[PDB]
There are 2 protein chains.
Amino acid sequence: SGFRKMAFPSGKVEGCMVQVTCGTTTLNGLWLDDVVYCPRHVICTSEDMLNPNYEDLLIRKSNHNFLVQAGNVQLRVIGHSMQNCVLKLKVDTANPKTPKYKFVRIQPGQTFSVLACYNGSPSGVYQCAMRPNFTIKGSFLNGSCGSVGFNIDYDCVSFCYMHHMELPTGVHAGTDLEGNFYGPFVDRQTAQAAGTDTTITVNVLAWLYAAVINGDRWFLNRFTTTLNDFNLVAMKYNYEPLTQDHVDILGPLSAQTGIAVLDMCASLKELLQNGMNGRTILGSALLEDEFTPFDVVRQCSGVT
Amino acid sequence: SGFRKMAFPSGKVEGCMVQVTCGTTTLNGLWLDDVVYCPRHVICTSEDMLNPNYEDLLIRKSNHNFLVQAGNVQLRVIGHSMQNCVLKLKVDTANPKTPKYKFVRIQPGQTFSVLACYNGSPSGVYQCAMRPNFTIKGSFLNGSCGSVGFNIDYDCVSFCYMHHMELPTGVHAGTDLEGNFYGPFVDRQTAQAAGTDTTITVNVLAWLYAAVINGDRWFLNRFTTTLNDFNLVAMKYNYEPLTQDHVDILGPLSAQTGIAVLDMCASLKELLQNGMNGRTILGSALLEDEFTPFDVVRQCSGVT
Ligand SMILES: *CC(=O)Nc1nc2c(OC)cccc2s1
Ligand SMILES: *CC(=O)Nc1nc2c(OC)cccc2s1
């Protein structure tokens, strides 16, 4: 029993983090086989960041200007290229600690672990979600860029995020490992406002199932609802519309608890309309939306 | 910017987790040098757990009854002994992945990372605090016993917890790595109720400093207080009494923000008396008490 915001074990990713220095800019890179992946803005000064022309800035850069350091040993850069917003630095040595891995582009509402790194050294790990506005609410200080987000399926790391930007509102933007930004963000120090941070409805419901499973049941009520009726209330409270796809995804949690998805919807509807009245659910005073149904099943069943 | 509940990177501890099987009981062990540490109740059946005599149960056990498996390779047990509530299994092979480590017995209010393991395989990592009632609010399913809690200072793992027990109220009890229980708990399936779960006042204050640092300032007020006046309000709300030691520990956060500790106390006092009025602090609807002052400095300064 007990339900926690839980990150994947970080060991497999710790073994991939390097320091990348171009001129006087140092950030983190991901070393997989004989390639080091890092944000292309490693080539920028703070001046450059106001209006960078990356292709032009890159012409002034050779392999030997990219200093790659793995622990206290230097890697030899034998090639470099820009793919979207990342640089791929070919090194002469395959990372001996390369895990089985994939690059996946996640959808909003999907959760992943971040290994916060500074100077290629891991400082900590935490669980995030890709917000519906394609931001993440991270913990990222200067030097944190190139820190990655990942899921693990048994022994295979799926890398889904690389950290690039803080928005003036203190939320975070970055790319998949093909260097494509999540949402409309760019690696430019410019006016970039996030859209509405909507609540991931299917994740709240998943987490209400986790609560019932772990003994927190005070918010179960006598009501049901329909997707259309629920969705009217979702709209009002800036919750993502719930689809039949979400209902199907919650099927296993429905089965195990014996609470129909639409009944749990009715519980969520009353919680939105009435608030928590000073009560907590799994030690939270608000509705948690950064557990997926898959996360709840995993933690409630003990998958490794 | 951004402030997250952040665990230490788990790699150094992942490399220490083994499976320990005695008869039909399987749980996790910690392999440091040529010793495997595990809960002594690995020798118990569920029947045994109602009233175990461990010294008597142990006489029926030889080295070859303790099956230790590191990944898919078996370790040879060449000795065993009971120290308090842990078994120390001497194996013929030093763990090649042994990190620099210490065993530390933490005080209530101190935070640590847990690497949840099942069958010697890591499933996830999360941040805990030793509660003032010497419980922890973990996520621990069957097979989770022998999972450990730790802090990391640069390259040195300080192990402070090993998981032993779930209380019927769904909270968690365990030992330091000398096998001494935190609080009055025992490795017996008996009536064991936790005392008052008081709030760790110095940790809430630390986290209010983290909020100011990260831009959440709405709860700063025009008032100050004294330790004695604050403590009257703490008593009423089941908050730990604040000492001059706590004030001194908060000194660095005081300095960096320019908010005197006692002024932040006055902010906390108003929050206790008035509630949050439906507002959030660092994305929380309640006062977070599982960040230490040291945790806030570390995350706010980017230590690795
Ligand atoms: C996200 C992150 O760490 N960005 C960084 N940018 C710089 C920089 O830009 C001009 C100079 C020095 C270090 C860093 S880290
Ligand atoms: C905390 C934990 O995982 N305890 C376990 N106890 C047993 C047991 O006790 C009778 C039998 C089989 C497996 C486990 S794990």
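Hydrogens, waters and symmetry mates play no part in the numbers below; they use all other heavy atoms, side chains included. Throughout, a chain's letter reflects where its sequence line sits, starting with A, and its residues are numbered from 1.
Under a 3.5 Å cut-off, the side chain of B:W31 and the backbone N or O of B:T93 do form a donor-acceptor pair. In this structure a side-chain-to-backbone donor-acceptor pair under 3.5 Å is present from A:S10 to B:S10. Of the possible donor and acceptor atoms, none in the side chain of B:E240 sits under 3.5 Å from a partner among the backbone N and O of B:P132. Between the side chain of B:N28 and the main chain of B:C117, a donor-acceptor pair closer than 3.5 Å is present. Using a distance-only test at 3.5 Å, with no hydrogens or angles considered, a donor-acceptor pair links the side chain of B:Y161 to the main chain of B:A173. Between the A:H172 side chain and the A:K137 main chain, no donor and acceptor come within less than 3.5 Å of each other. Between the side chain of A:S158 and the backbone N or O of A:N151, no donor-acceptor pair lies under 3.5 Å. The closest donor-acceptor contact from the side chain of A:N203 to the backbone of A:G109 lies under 3.5 Å. Between the side chain of A:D289 and the backbone N or O of A:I200, at least one donor-acceptor pair lies under 3.5 Å. Within the 3.5 Å criterion, the main-chain N or O of A:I281 finds no donor-acceptor partner in the side chain of A:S284.
Of all the heavy atoms in B:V296 and B:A206, the pair that sits closest is CG2-O, 3.5 Å. When every heavy atom of B:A7 is checked against every heavy atom of B:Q127, the shortest pair comes out as CA-OE1, 3.5 Å. Between A:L75 and A:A70, the shortest heavy-atom contact is CD1-CB, 4.2 Å. Nearest heavy atom pair, residue B:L32 against residue B:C16, reads CD2-SG, 3.5 Å. When every heavy atom of B:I43 is checked against every heavy atom of B:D48, the shortest pair comes out as O-OD2, 3.9 Å. When every heavy atom of A:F112 is checked against every heavy atom of A:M130, the shortest pair comes out as CE2-N, 3.9 Å.
B:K88 and B:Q83 share a donor-acceptor pair across their side chains, judged by distance under 3.5 Å alone. A side-chain N or O of A:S1 and one of A:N214 form a donor-acceptor pair less than 3.5 Å apart. Judged purely by distance below 3.5 Å, without hydrogens or angles, the side chains of B:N133 and B:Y182 never pair a donor atom with an acceptor atom. A donor-acceptor contact closer than 3.5 angstrom is absent between the side chains of B:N84 and B:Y54.
Aromatic ring centres of A:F291 and A:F3: separated by under 6.0 Å. Between B:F185 and B:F134, the distance from one ring center to the other does not fall under 6.0 angstrom.
Separation of atoms OG1 (B:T199) and CG (B:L286) is listed at 9.0 Å; rounding is to 0.5 Å. In this structure, CG on B:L27 lies 6.0 Å from SG on B:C38, to the nearest 0.5 angstrom. B:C160 contributes atom SG, which lies 9.0 Å from atom CZ of B:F150 (distance to the nearest 0.5 angstrom). With values rounded to the nearest 0.5 angstrom, B:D34 atom CG is found 10.5 Å from B:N95 atom CG. Taken from CG in B:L282 to CD in B:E288, the straight-line distance is 8.5 Å, to the nearest 0.5 Å. The distance from atom CZ of A:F159 to atom CD1 of A:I106, rounded to the nearest 0.5 Å, is 13.5 Å.
Side-chain contact between A:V91 and A:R76 is absent, with no heavy atoms from C-beta onward closer than 4.5 Å. Looking only at side-chain heavy atoms (C-beta outward), A:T98 and A:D33 come within less than 4.5 Å of each other. Contact check for B:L89 versus B:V20: side-chain heavy atoms found under the 4.5 Å cut-off. The shortest distance between side-chain heavy atoms of B:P293 and B:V202 falls below 4.5 Å. Side-chain contact between A:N119 and A:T26 is present, with heavy atoms from C-beta onward closer than 4.5 Å. B:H41 places none of its side-chain heavy atoms less than 4.5 Å from the side chain of B:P52. Using a 4.5 Å heavy-atom cutoff, the side chains of B:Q110 and B:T292 are in contact. The closest side-chain heavy-atom distance from A:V114 to A:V148 is not below 4.5 Å.
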>> Show, in sequence, the C-alpha distance, side-chain angles and deciding distance for B:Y37 and B:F103, and conclude whether the ring-ring contact (aromatic ring centres under 6.0 Å, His included) test is met.
In response: CA-CA 12 Å; B:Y37 302 79; B:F103 295 162; 5.1 Å; yes

> Can you list the steps and then say if B:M17 with B:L30 is a side-chain contact (heavy atoms from CB on, under 4.5 Å)?
Replying inline: CA-CA 5 Å; B:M17 300 313 298; B:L30 184 70; 3.9 Å; yes

>> For A:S139 and B:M6: C-alpha separation, side-chain torsions, deciding distance, then whether side-chain contact (heavy atoms from CB on, under 4.5 Å) applies.
In response: CA-CA 9 Å; A:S139 179; B:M6 192 175 280; 3.7 Å; yes

>> Please evaluate residues B:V77 and B:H64 with respect to the criterion side-chain contact (heavy atoms from CB on, under 4.5 Å), reporting the C-alpha separation (whole Å), side-chain torsions for both, the decisive distance (0.1 Å), and the verdict.
In response: CA-CA 7 Å; B:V77 181; B:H64 67 264; over 6 Å; no

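Remark: B:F181 CZ is packed, more than 12 non-hydrogen atoms of other residues, nucleotides or ligands lying under 6.0 Å away. Residue B:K61 places its NZ atom among more than 12 non-hydrogen atoms of other residues, nucleotides or ligands, all under 6.0 Å distant. The number of heavy-atom neighbours closer than 6.0 Å to CZ of A:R217, taken from other residues, nucleotides and ligands shown, is above 12. Residue B:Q74 places its CD atom among more than 12 non-hydrogen atoms of other residues, nucleotides or ligands, all under 6.0 Å distant.
By the 4.0 Å N-to-carboxylate-O rule, A:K102 lies too far from A:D153 to be salt-bridged with it.
Ring geometry for B:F66 versus B:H80: interplanar angle of 30 to 60°, hence tilted. Between A:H163 and A:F140, the ring planes are parallel. Angles under 30° get that label, and only those over 60° would be called perpendicular.
Residues satisfying the side chain to side chain donor-acceptor pair (under 3.5 Å) test with A:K90, not counting sequence neighbours, are none.
Pairs engaging residues 290-304 of chain A under the salt bridge (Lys or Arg N to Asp or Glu O under 4.0 Å) rule: A:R131-A:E290, A:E290-B:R4, A:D295-A:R298 [sequence neighbours left out].
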